[PDB]
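Working notes, beginning with the structure itself.
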Amino acid sequence: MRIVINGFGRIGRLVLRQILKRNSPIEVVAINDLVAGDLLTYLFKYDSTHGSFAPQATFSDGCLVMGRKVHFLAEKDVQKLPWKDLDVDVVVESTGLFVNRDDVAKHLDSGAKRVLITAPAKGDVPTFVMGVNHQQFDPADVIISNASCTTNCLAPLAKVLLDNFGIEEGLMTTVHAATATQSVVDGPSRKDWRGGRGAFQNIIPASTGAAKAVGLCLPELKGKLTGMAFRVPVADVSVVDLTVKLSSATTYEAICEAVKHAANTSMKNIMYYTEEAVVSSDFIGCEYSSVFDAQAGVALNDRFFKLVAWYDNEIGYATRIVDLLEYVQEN
Amino acid sequence: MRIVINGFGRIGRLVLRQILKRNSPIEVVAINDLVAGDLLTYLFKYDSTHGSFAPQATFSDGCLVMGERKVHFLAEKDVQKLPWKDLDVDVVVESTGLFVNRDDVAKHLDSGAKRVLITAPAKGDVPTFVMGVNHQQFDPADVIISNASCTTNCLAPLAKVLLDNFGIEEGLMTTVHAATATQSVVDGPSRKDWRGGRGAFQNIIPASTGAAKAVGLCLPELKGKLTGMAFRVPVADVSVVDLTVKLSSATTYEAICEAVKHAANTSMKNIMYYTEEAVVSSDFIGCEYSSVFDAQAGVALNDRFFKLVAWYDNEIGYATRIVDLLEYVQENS
Amino acid sequence: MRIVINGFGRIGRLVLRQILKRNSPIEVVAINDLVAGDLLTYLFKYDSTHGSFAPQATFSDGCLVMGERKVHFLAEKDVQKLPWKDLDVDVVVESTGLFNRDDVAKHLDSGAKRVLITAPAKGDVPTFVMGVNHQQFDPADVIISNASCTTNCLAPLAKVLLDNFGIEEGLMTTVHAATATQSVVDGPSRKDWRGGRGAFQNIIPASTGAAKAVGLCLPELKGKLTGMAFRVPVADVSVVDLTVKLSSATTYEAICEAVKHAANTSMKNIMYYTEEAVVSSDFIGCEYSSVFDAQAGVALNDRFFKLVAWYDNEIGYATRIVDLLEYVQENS
Amino acid sequence: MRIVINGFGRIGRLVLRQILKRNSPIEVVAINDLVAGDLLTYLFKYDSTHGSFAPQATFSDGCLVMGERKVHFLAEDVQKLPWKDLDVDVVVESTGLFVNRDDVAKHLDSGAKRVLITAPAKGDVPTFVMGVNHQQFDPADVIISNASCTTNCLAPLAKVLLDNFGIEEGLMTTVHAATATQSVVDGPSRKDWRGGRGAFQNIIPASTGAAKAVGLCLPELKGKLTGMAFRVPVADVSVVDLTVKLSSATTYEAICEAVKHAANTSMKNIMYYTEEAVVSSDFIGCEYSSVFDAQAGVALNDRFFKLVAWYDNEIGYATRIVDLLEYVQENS
Ligand SMILES: NC(=O)c1ccc[n+]([C@@H]2O[C@H](COP(=O)([O-])OP(=O)(O)OC[C@H]3O[C@@H](n4cnc5c(N)ncnc54)[C@H](O)[C@@H]3O)[C@@H](O)[C@H]2O)c1
Ligand SMILES: NC(=O)c1ccc[n+]([C@@H]2O[C@H](COP(=O)([O-])OP(=O)(O)OC[C@H]3O[C@@H](n4cnc5c(N)ncnc54)[C@H](O)[C@@H]3O)[C@@H](O)[C@H]2O)c1
Ligand SMILES: NC(=O)c1ccc[n+]([C@@H]2O[C@H](COP(=O)([O-])OP(=O)(O)OC[C@H]3O[C@@H](n4cnc5c(N)ncnc54)[C@H](O)[C@@H]3O)[C@@H](O)[C@H]2O)c1
């Protein structure tokens, strides 16, 4: 399977890393970004959050060399990308700028067979969450979205609850790590004023569509969930706090058993169940979409619960991108 | 009224700061801590969070000298050895964080204090008060009282406004809370909450809180109707309450905003504040309100299920409430 | 004096703040930035580091409105379309961090009387530091530089040392607060790879010209100083660590006395002298260029010393910008 | 060799981690600390800085059980520690409380053969730095010190410089990660007022004796070095900034070549040499004592240089403790 990575940021680089951390047919043929390949190679090899990687990797003549040679490109506009000539099966669209189906289809015009957007999409782009609705994928879907890190944490938990107890209504908060859209010192962020305030000085409220996005993958939950976020000063790992009213009376123990059973069966490699006294740093490098924290949750009564689920918003999501690439593509 | 401050920490020092900032008639006779007065004076004058204060203050002859105020320093870890009889102490501000059971705190009364105000939730038959919510329930017979927690002081005024206007069926609260002195700079042991010892500025840290049940203490109509939890995160001050509430009456988000705004203009004056600005935690450093409703941050699922957001400076807002409660006790005992 | 502010970032906003905190005869007539005025007004009023300011300020009628002060917001990217002629602009405060004298002269082409660059300049730009060489300013200098925060901290101390003891050689480190050029998580920084690594996860080495730049305002020190920086996870306040070999034998105590006397006299309101157990947060809002930390320094012998001087790299520098503006207004 | 760990903090736990990581013949027979063993086991298995370790490890019957390793947990006053019953060859003294020789000798009174203090000591305690002077260890040395993290970073660099060029004088700064002596919010620290100010809000000046301890390990350098520290808001990894006046003229490149050569030969596994654009987080888990940062340093002239060397003050130091224990095991 021949892929390119457009946008070599946190997600693009860690997608490459996670590809290298498994046995996979994926062939990464090119990387496109706005800076030179020697700097991109440096950022791939040295990671403040996830530590060093690929010590033998080198840059030479615009190629990332690992044994594997990946072309580096630095071409601002899609019409100029050589996807036909590179025989590209999938573009990993990870710049964070192209979420419109019109902007992203220009990857297909320049010769790519499929595009995977590493973010919520604008418009009705088919959106998949592994372990929740990925079996709805149709080969005719030439532009697809892997949703957000937060939706990938919430949707599996919501599915377990829907399948065992029913959901009447839910309101989610994610206490979320700082991300590249934020600023080191107070600065302007036109489309999110709060998001420009100093990222490590502040708890910063943010809007999020991740809870509503669960209705895209679990149609029964459309209109039944919404939420918000607080951005906080950690560099990685986030947590979903789901306040949910269930459709039937249950106990906290029954919820734990339902989640533990799903993690052992239908949610294997997607959800994990823990009773340990965990904190955010314990999930750095965690590849699960959703880690249910049994000790942290609380029950008000037999229908009203507050549940806690962790996610490495960088590595868990990058791993899911790779899982979706392997699932959708042929050969 | 003659008070002493036992434990000259974040809360003890900022209680003194707020006493001085309103030129209060309270007499701070003595300060007790585990270290000498020169170091304590240094900490009172220089504050990483709230800036320098009282530049003319000096440590002199074992006292803190600030104008006409001269406060004796003590360094006696044992409550049974404190000279409260000899100092004619009306109220001990108990802010060490070590004495939480009512019988531990009563030791101050054995050593000669007339009354104790614990700057924290207490266990046992301790009345717990929140200014603007139930403080007029104070009785001169209450010789040991609690000002609850910072979080309870943020949630209870909001909970009262909702109860009075719409009714509350059930509520589940989270507080995203600043790191505090119970935490550690690097991974270390915390006997009562293992997670709480993990490096404070490396982690989002789940924690238990009793603030939701305590609202049921201040507002008996809400007994059994609220619970919640906390996440400690890497900021040095200011915290936020995230209240997911099912109301008894159908309403709109805008009507909730108007109810809070009206309360902040009337029955909750100086306790709750209402904003529509694009605020972040640092905007509340030095904020003296108990609860600042963040109108733009909240979300509505439907006409009865809402997520409401309220900020609090867990240091300065709470310290200001301590001074408010002290002056109230002074006027009603 | 009629000024405009080009670039409303940390420096631009805090220069406006300091002008207003000292209710100065400088008249601020316009702000140019490529962000809308409602957001810029928000950032001016709410500051994570320095607290809220000007609560009565509003964005209204395309202006920043504060009492009788009304400031036009502009969003003009080409320096020739700037209406400095019609606005009768005496000084452009150039604080974008993007503008090499050839580019900056175009402000005068569009009608401004003089330009003040809030950073080190390349080319034939006079460089001034208040309290060290700001009297070299000549009305014929239509483009001038206020140097860097770090140069404004090091040069006053260096002048006191040169005048009392002489300097043979010095090597400086500044342990510097994070700045807007840095990144929240690992990202690319073309001319400074380390500078793109997560700002609050790392101690980050950086190059600095501040020490060599001290030779501009103190020619006696040309070739005698260099240095480097470590960027660390604080949002503001930085500290100079100067290892210096002096030209005569002295004691640490005598160095403290030279600095204290200068802070009481020729360096008044420029340098400050403390013996308190200070830490960086104690200088948030500090307006001095350089605060000598008497307790922190060490002496190896009678000629070789390590001296420590603090500076609020935001507020101290902004205050020096305002001071230089007022000096330029009184002698122009 | 049978050892116990007194004080199961950052150093104590990571010493145990490094023993297990290299499947070492050292036998850890007991751990003493002031908290229960299930909490200590949790802290050993989950580490915010260095990640999880020993997933199969468990607390059982008052012991830490890891395979065949069964480590007694104690929670005890040095007077009643059961070193006689445990047949203890070495106490790893890692509490940070016992630094003077007579306090530490109470370990020998309670039955231990030898004590290794994981800190600079007070009194006639021989101090060793692996790769610098550890072969001076004598079996008669029943109380020894491994110096500090900082000394283990500075001394190898200083030895390379001394052997190749000579050192006339040096002033060192370490920009140091926050440690367990510091506080989350402003609190009292009797022996260091600045050290109690909020650790992640501040750059915090601190005293250090590491430069003078290098004179202990390299007597040729006694009196020629001193220095200071800044504590800054990172949870691990520190850097030495050494301003040095060498006795012979050289070039920066020749310094780089001398260090690179030492790292390949006499300092193998002690010093590392890099030319990469590194930042502090790149050294989390680094086991070397001193990592020379070739790109970061600067030269004023052919005798006066600023050299930069990194160290994981937790893991590098812990690894050196294990190295010294194995050396003592082979020479006692
Ligand atoms: N970081 C997370 O936790 C996370 C989680 C889930 C989803 N995502 C999504 O992944 C996407 C990328 O996020 P990120 O965290 O990697 O951000 P990032 O800023 O780290 O990465 C973006 C990269 O793309 C490059 N780029 C920008 N414009 C470009 C262009 N025109 N052409 C090519 N390259 C360009 C940037 O220089 C940068 O290297 C976003 O859409 C984000 O919403 C991120
Ligand atoms: N920080 C907040 O946000 C906050 C808010 C509300 C309530 N409180 C509560 O107030 C109390 C104090 O909290 P803090 O944050 O100020 O803690 P702190 O650690 O800052 O202050 C405690 C002080 O007590 C001193 N002390 C300890 N043992 C002592 C003893 N035996 N005798 C005398 N002094 C002693 C310590 O040296 C320290 O100065 C706790 O009960 C805490 O729960 C704190
Ligand atoms: N952290 C570093 O970077 C570093 C580096 C080199 C050397 N050191 C030195 O190593 C020593 C330990 O430092 P640390 O960082 O591990 O500190 P720490 O605080 O993390 O560890 C000390 C441990 O000892 C325990 N303890 C306290 N009093 C005790 C007693 N009387 N009996 C038994 N156990 C007791 C504490 O509960 C704690 O777990 C200190 O001398 C320190 O200077 C630290």
Side-chain angles (χ1 to χ4, degrees), chain A residues 185-186 197-198 200-202, chain B residues 14 17 21 42-57 235-238 280-287 313 315-316, chain C residues 9-24 43-55 57 118 130 149-150 152-153 156 175-180 234-240 263 268-274 276-293 309-323, chain D residues 186 194 197-198 201-204:
Chain A
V185 300
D186 280 7
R197 306 287 303 283
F200 279 75
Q201 297 164 278
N202 292 292
Chain B
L14 297 172
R17 181 178 292 220
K21 193 187 152 344
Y42 162 80
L43 291 173
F44 180 69
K45 294 177 65 170
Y46 299 109
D47 194 289
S48 303
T49 300
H50 301 294
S52 74
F53 189 74
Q56 262 55 259
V235 293
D237 193 35
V238 179
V280 298
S281 64
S282 65
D283 292 327
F284 299 104
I285 294 169
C287 193
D313 182 335
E315 292 184 338
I316 278 290
Chain C
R10 301 303 293 155
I11 299 315
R13 300 202 292 280
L14 297 177
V15 165
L16 182 63
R17 180 180 291 220
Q18 292 307 88
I19 287 166
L20 296 159
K21 170 201 267 165
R22 77 167 65 175
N23 186 340
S24 178
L43 293 168
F44 176 68
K45 294 171 61 169
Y46 298 107
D47 193 291
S48 303
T49 302
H50 300 293
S52 314
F53 186 69
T118 73
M130 297 300 299
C149 49
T150 310
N152 270 270
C153 176
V175 184
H176 200 287
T179 64
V234 291
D236 191 32
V237 178
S238 305
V239 61
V240 159
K268 207 52 186 185
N269 293 316
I270 293 298
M271 196 163 349
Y272 188 81
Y273 174 86
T274 187
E276 298 286 84
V278 300
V279 298
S280 68
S281 62
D282 295 322
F283 299 102
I284 291 170
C286 191
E287 295 180 7
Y288 289 97
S289 305
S290 172
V291 180
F292 185 88
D293 185 335
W310 297 92
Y311 54 120
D312 181 334
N313 47 283
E314 292 188 334
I315 283 297
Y317 187 71
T319 307
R320 291 301 91 74
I321 294 185
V322 177
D323 292 348
Chain D
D186 281 11
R194 303 198 218 220
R197 302 291 299 283
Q201 292 166 283
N202 293 290
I203 300 161
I204 302 187

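Because only heavy atoms are used, hydrogens play no part in the values below, and waters and symmetry mates are left out as well, while side chains stay in. Within every chain, numbering begins at 1; the chains are lettered A, B, ... in the order of the sequence lines, protein sequences first and strands thereafter.
- Looking at C:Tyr317, its side chain does come within 3.5 Å of a backbone N or O of C:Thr118 through a donor-acceptor pair.
- Below 30°, between 30° and 60°, or above 60°: for C:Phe283 and C:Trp310 the angle between ring planes is below 30°, a parallel geometry.
- With hydrogens and angles left out, the side-chain atoms of B:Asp237 and B:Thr49 include no donor and acceptor closer than 3.5 Å.
- Between the C:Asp282 side chain and the C:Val279 main chain, a donor and an acceptor come within less than 3.5 Å of each other.
- The two atoms that bring C:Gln18 and C:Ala318 nearest to each other are CG-CB, 4.2 Å, heavy atoms only.
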Next on the checklist: What verdict does the side chain to side chain contact (heavy atoms under 4.5 Å, CB included) test give for C:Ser238 and C:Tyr311, after you've listed the backbone C-alpha separation in whole Å, the side-chain angles of each residue and the deciding distance to 0.1 Å?
Outcome noted: CA-CA 6 Å; C:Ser238 305; C:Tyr311 54 120; 3.5 Å; yes
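- A salt bridge links C:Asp323 to C:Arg22: one of the charged nitrogens lies within less than 4.0 Å of a carboxylate oxygen.
- Looking at heavy atoms from C-beta onward, B:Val235 lies out of side-chain contact with A:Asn202 at the 4.5 angstrom threshold.
- When atom types are taken as modelled, the side chain of C:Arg320 and the backbone of C:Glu287 share a donor-acceptor pair closer than 3.5 angstrom.
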Which donor-acceptor pairs under 3.5 Å do side chains of residues 50-57 of chain B form with protein atoms, sequence neighbours excluded?
{"from": "B:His50", "atom 1": "NE2", "to": "B:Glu315", "atom 2": "OE1", "distance (Å)": "2.7"}

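- Within 6.0 Å of atom OH in B:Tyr42, more than 12 heavy atoms from other residues, nucleotides or ligands are found, so the atom counts as buried in its surroundings.
- Here the side chain of D:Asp186 pairs a donor or acceptor atom with the backbone of B:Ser48 at under 3.5 angstrom.
- Pairing each heavy atom of C:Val278 with each of D:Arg194, the nearest pair is O-NH1, 2.7 Å.
- A distance of 6.0 Å separates CD of D:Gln201 from OG of C:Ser281, quoted to the nearest 0.5 Å.
- Considering SG of B:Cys287 and CG of B:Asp313, their distance stands at 7.0 Å, rounded to 0.5 Å.
- Atom CG of C:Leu14 is separated from atom CD1 of C:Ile315 by 4.5 Å, given to the nearest 0.5 angstrom.
- Contact check on C:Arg10 versus C:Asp47 returns a salt bridge, with a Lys/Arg side-chain nitrogen under 4.0 Å from an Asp/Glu carboxylate oxygen.
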Checklist entry - Given the rule in the side chain to side chain contact (heavy atoms under 4.5 Å, CB included) test, do C:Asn269 and C:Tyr288 qualify, once you have shown the distances and angles that lead to the verdict? => result CA-CA 6 Å; C:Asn269 293 316; C:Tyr288 289 97; 4.2 Å; yes
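- For B:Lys21, the NZ atom is loosely surrounded, since the number of other residues' heavy atoms within 6.0 Å does not exceed 12.
- Distance check: C:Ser289 OG to C:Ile270 CD1 gives 4.0 Å after rounding to the nearest 0.5 Å.
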Item to check | Stepwise side chain to side chain contact (heavy atoms under 4.5 Å, CB included) check, C:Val322 with C:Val15 | outcome: CA-CA 7 Å; C:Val322 177; C:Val15 165; 4.2 Å; yes
Item to check | Candidate pair D:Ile203 and C:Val237, rule side chain to side chain contact (heavy atoms under 4.5 Å, CB included), full reasoning | outcome: CA-CA 8 Å; D:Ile203 300 161; C:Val237 178; 5.8 Å; no
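- The structure places CG of C:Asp293 at 9.5 Å from OH of C:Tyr273, a figure rounded to the nearest 0.5 Å.
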